[PDB]
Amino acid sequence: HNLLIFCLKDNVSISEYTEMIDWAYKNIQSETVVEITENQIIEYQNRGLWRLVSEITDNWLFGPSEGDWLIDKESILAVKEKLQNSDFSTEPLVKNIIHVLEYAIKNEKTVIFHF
């Protein structure tokens, strides 16, 4: 089951957590869902992406692992800034994560990391 970084869409309110995760795995087509494969995890670990995230969240110091993480507006903006200012800020995965963050800001959503 790939790592997800996501928020719900604008007109989706599902409050039960397990059900939100189920929604994300069922809506991988969504612009609000980033699916991240093992090979992406490794590629970006070795380039310092997760370390950049960890500067704000203090998690994933050694990359992602099984678990659930919830990112609030303050941290969403802070991570978004880190990524926009980074050396891979134009690479698709980073753009895709940025986009989830922007959407969550715009639509007042919590961002979930799930693996």
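Residue positions are given as counts along the sequence shown, with the first one as 1.
field: Mean C-alpha B-factor comparison - 80-88 and 27-35, higher one
entry: Between 80-88 and 27-35, it is 80-88 that shows the higher mean C-alpha B-factor.
message: Can you tell me whether 8-16 has a higher mean C-alpha B factor than 96-104 in this record, or the other way round?
response: According to the PDB entry, the answer is 8-16.
message: Per the entry's values, where does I41 land by CA temperature factor relative to the rest of its chain, in the lowest, middle or highest third?
response: It belongs to the lowest third of the chain when residues are ordered by C-alpha B-factor.
task: Pull the Cα B-factor of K109 out of the PDB entry and bin it into the chain's lowest, middle or highest third.
output: Within its chain, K109 is a middle-third residue by C-alpha B-factor, going by the deposited values.
- prompt: Which third, lowest, middle or highest, does the CA B-factor of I56 fall in along this chain?
  reply: Top third by C-alpha B-factor.
- prompt: By the record's CA B-factor, is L70 among the lowest, middle or highest third of residues in the chain?
  reply: Tercile = middle for this residue's CA B-factor.
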